[PDB]
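As structure tokens, the structure follows; a few thoughts come after it.
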Ligand SMILES: *[C@@H]1O[C@H](CO[C@@H]2O[C@@H](C)[C@@H](O)[C@@H](O)[C@@H]2O)[C@@H](O[C@@H]2O[C@H](CO)[C@@H](O[C@@H]3O[C@H](CO[C@H]4O[C@H](CO)[C@@H](O)[C@H](O)[C@@H]4O)[C@@H](O)[C@H](O[C@H]4O[C@H](CO)[C@@H](O)[C@H](O)[C@@H]4O)[C@@H]3O)[C@H](O)[C@H]2NC(C)=O)[C@H](O)[C@H]1NC(C)=O
Ligand SMILES: *[C@@H]1O[C@H](CO)[C@@H](O)[C@H](O)[C@H]1NC(C)=O
């Protein structure tokens with residue numbers, strides 16, 4: 001049950017960067033995937049979420065407009081598109097699997113309000129400096 | 001001299017000398033007007049422009065669906081609702097989906113689903129209503145001033161630019177050194193803009209029947225809402241799909257650009273060169289050479305010898321152009337010119353560039369004349385050193 | 001979501017970590033989530049659905065739900081529990097928010 005991450009490195013302000021999160025050991029197509037930020041020495045910040053196909057997406061007010069989530073069930077990978085990156089967006093981005101929702105929605109599609117979640121499996125993360 | 005080198009060149013001359021003369025101007029046409037004791041002029045319509053267009057509607061021919069939002073409720077939990085529903089840039093639709101234990105509902109039954117997507121127009125067409133009287137015409141009046149660079153010079157400001165509307169047709173144009181020519185025009189468009197819409201599509205345009213334009217099944221914005229966001233009839237290019245009561249999906253219908261062009265076969269097309277409109281129709285104009293006068297005429301003939309500074313070239317109409325420089329003294333001067341037979345007996349062939357004069361010695365003069373068929377002699381200057389040049393014309 | 005800055009407690013002692021942040025709906029607090037993160041390392045789900053504990057997580061870890069508060073209890077502190085604890089819940093029906101962060105000092 002792995003969650004590999006890639007894309008981090010040197011990034012100039014107001015620039016484009018795509019973060020890829022690989023997956024194995026589970027029915028990825030059937031799970032809601034999440035992006036969670038964390039500053040060098042600070043707290044967790046939830047960034048984005050995606051349902052099975054990518055019809056239901058959610059973003060933090062802090063990233064709304066400049067960020068974009070996407071995924072292809074073929075490659076079993078989730079992506080985070082970050083355009084116009086401001087200096088305050090510097091952090092270690094994490095991709096997490098909402099495993100609890102699977103005990104409730106075996107499809108991982110249905111965009112319900114306040115459905116039971118629980119970010120089960122987490123990746124090692126990737127540091128970006130802007 | 002601007003017309004020299006144009007295929008569709010019309011040589012027009014007045015009756016009973018040439019006080020007045022009728023000319024037809026069109027895009028691609030060029031007219032050389034001649035009147036006795038009056039300077040030869042070149043007229044060319046270079047621009048046609050619809051000047052006060054009123055957008056009726058603006059149609060979306062290429063649509064893009066972005067920012068997709070979906071919300072669902074369990075059975076006996078109410079109709080779902082998104083704030084994107086009230087937003088007019090979005091297109092929403094509700095449906096019913098089978099809900100159970102296996103998909104996250106405590107009870108089995110139909111559960112409400114709602115999908116919303118932002119409608120963004122990629123490519124569009126516009127329908128402008130043009131008042132016929134508001135069509136501005138730009139005509140260049142280039143005299144036959146022998147001028148070194150005059151001959152076919154498109155940009156170098158040799159001719160006077162004048163603007164005409166079907167409304168304001170009568171114009172007096174001042175040609176420096178020649179006087180004023182009066183133009184009474186009359187446009188022969190071929191097709192009026194009565195119950196016609198000028199349908200503009202990027203670089204192409206058409207003239208279409210009003211009700212037909214107002215009946216196209218495409219998303220549209222009114223003339224009142226240009227740069228607007230709320231596109232009416234988004235449904236004409238957006239379709240919702242839910243055939244198994246499992247998931248609702250939004251789908252576009254693809255670019256109607258090509259589809260449109262096919263419907264616009266039985267429509268009058270209008271072309272565009274350098275981003276401006278080229279109306280197929282003619283333009284009849286009446287001229288008045290009454291206040292026109294030849295530059296000089298009160299001058300004395302050239303005492304000195306002439307030098308042919310450029311090889312005689314024949315135009316597509318059989319006329320010839322000759323560039324000659326003055327090596328003598330007397331400038332401002334008057335060039336002696338004649339086309340005769342092989343024994344100098346009779347003066348044959350006419351002169352297109354009437355009253356050829358030398359202003360500055362250093363500046364060459366371009367003389368255009370129609371030589372007769374067969375064998376002729378071009379005679380430039382007076383004795384001694386008279387330029388004798390044999391000409392061939394089958 | 002406001003969490004206390006840091007909670008200190010002796011080994012053997014039982015403590016509790018609060019979590020409260022403006023939201024006026026039972027849909028929020030009944031769905032609080034707790035995460036255990038050691039420095040540099042990746043976070044770990046210790047409590048979901050306010051009280052539910054996943055297999056692997058020690059018996060000592062408890063999950064409480066108040067009207068407008070959420071609590072994480074560590075009944076019997078051990079040296080190994082010295083880490084960072086973050087609560088989490090729904091901002092809106094389709095949105096998640098993490099708490100301030102509590103630094104557990106054994
Ligand atoms: C179409 O028309 C063009 C412009 O229209 C006409 O321009 C004038 C000349 C009038 O006829 C007027 O009725 C029209 O409005 C026309 O371009 C013009 O052509 C001349 C060259 O024939 C341009 O350059 C000028 O000539 C000298 C070259 O000098 C040598 O040759 C002459 C003989 O040709 C000898 O007398 C000398 O002793 C030299 O041996 C250029 O060097 C110079 O241009 C440069 O210098 C000036 C002054 O410092 C600068 O302002 C320029 O920018 C240049 O760097 C002369 O000015 C003349 O520039 C040009 N006019 C314009 C407005 O551009 C063109 O030839 C015609 N084309 C066709 C295909 O019919
Ligand atoms: C919609 O998504 C696109 C692509 O991520 C983004 O550029 C745009 O700003 C979003 N829409 C709004 C209303 O901000």
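Every number here is computed from the coordinates shown, using simple stated rules; none is lab data. Methodologically, a virtual Cβ is constructed for each residue, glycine included, from the backbone with ideal geometry; neighbour enumeration extends over all protein chains shown.
Using the beta-carbon distance between residue B:229 and residue B:98 and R0 = 41 Å, what value does 1/(1 + (r/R0)^6) give for FRET efficiency, to the nearest 0.05?
Numbers: r = 36 Å, r/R0 = 0.87.
Step by step, r from the Cβ atoms, then E = 0.70.
Quick one: of the DSSP bridges fully inside chain C, what percent are antiparallel, nearest 5?
Numbers: 25 of 28 bridges.
Of those bridges, close to 90 percent are antiparallel.
With N residues in chain B, what two-decimal value do you get for its Cα radius of gyration over 2.2 N^0.38 Å? Can you show the working numbers first?
Numbers: Rg = 34.1 Å, N = 394, 2.2 N^0.38 = 21.3 Å.
For chain B, the normalised Cα radius of gyration is 1.60.
I'd like the distance between the alpha-carbon centres of the range A:32-52 and the range B:6-50, rounded to an integer number of Å.
Rounded to whole Å, the Cα centres lie 76 Å apart.
Between the range A:72-130 and the range B:269-331, what is the separation of their alpha carbon centroids in Å?
Comparing the Cα centres of the range A:72-130 and the range B:269-331, I get a distance of 77 Å.
Taking Cα pairs under 8 Å and at least six residues apart, what relative contact order does the range B:295-394 come out at, in percent?
On the way: 240 pairs, mean separation 30.4, N = 100.
Across the range B:295-394, relative contact order equals 30 percent.
Using a Gaussian network model of chain B with C-alpha springs under 10 Å, which one of B:175, B:135, B:342 is most mobile by mean-square fluctuation?
Sorting by GNM fluctuation, first place goes to B:342.
For a quick check: sort B:74, C:88 by the number of other beta carbons within 10 angstrom, fewest at the front.
Values: B:74 20, C:88 26.
Fewest-to-most Cβ neighbours within 10 Å comes out as B:74, C:88.
Which value, in Å to one decimal place, does the Kirkwood hydrodynamic radius take for the range B:295-394 when every pair of different Cα atoms is included? Mind dumping the intermediate values first?
Working: mean 1/r = 0.0730 Å⁻¹.
Every distinct Cα pair counted, the radius reaches 13.7 Å.
One-quarter of the Cα convex hull surface for chain A, in nm²? Write out the running numbers ahead of the final one.
Working: hull surface 29.6 nm².
Directional mean of the projected Cα hull area for chain A stands at 7.4 nm².
Which three extents, in angstrom, do the Cα atoms of chain C have along their principal axes, listed largest first?
38, 28, 27
Name the most mobile residue of B:241, B:204, B:47, meaning the one with the largest mean-square fluctuation, in a Gaussian network model of chain B with Cα contacts below 10 Å.
Answer for the Gaussian network model of chain B: B:241.
Please state the relative contact order of chain B as a whole percent: Cα pairs under 8 Å, 6+ residues apart? Please report the intermediate quantities before stating the final value.
On the way: 962 pairs, mean separation 69.9, N = 394.
Reported as a whole number, the value is 18 percent.
Sorting A:94, B:373, B:108, B:240 on the 10 Å Cβ count, fewest up front, what's the list? If you can, show how the numbers build up before the last one.
Details: A:94 23, B:373 10, B:108 13, B:240 16.
Ranked by crowding around the Cβ, least crowded first: B:373, B:108, B:240, A:94.
Mind sorting C:89, A:52 by how few other Cβ atoms lie within 10 Å of their own Cβ, fewest first? Present the calculation step by step, with values, prior to reporting the outcome.
Numbers: C:89 25, A:52 21.
Neighbour counts put them in this order, fewest first: A:52, C:89.
Taking 8 Å as the Cα distance limit and 6 or more residues as the minimum spacing, I'd like the relative contact order of chain A as a percentage.
Dividing the mean separation by the residue count of chain A yields 34 percent.
GNM, chain B, Cα, under 10 Å: largest mean-square fluctuation among B:231, B:212, B:20?
B:212
Round to a whole angstrom and tell me the spacing of the C-alpha centers of the range B:66-131 and the range B:169-215.
Answer, in whole Å: 48.
In whole Å, what are the extents of the protein assembly as shown along the principal axes defined by its C-alpha atoms, from largest to smallest?
On the principal axes, the protein assembly as shown reaches 135, 53, 40 Å in Cα extent.
Tell me the mean residue ellipticity at 222 nm calculated for chain B from its helices only (DSSP H runs of n ≥ 4, each -39500 (n - 2.57), averaged over every residue, nearest 500). Could the numbers behind the result be given before it?
Details: 2 runs with 11 residues, N = 394.
Result for chain B, helices only: -500 deg cm²/dmol.
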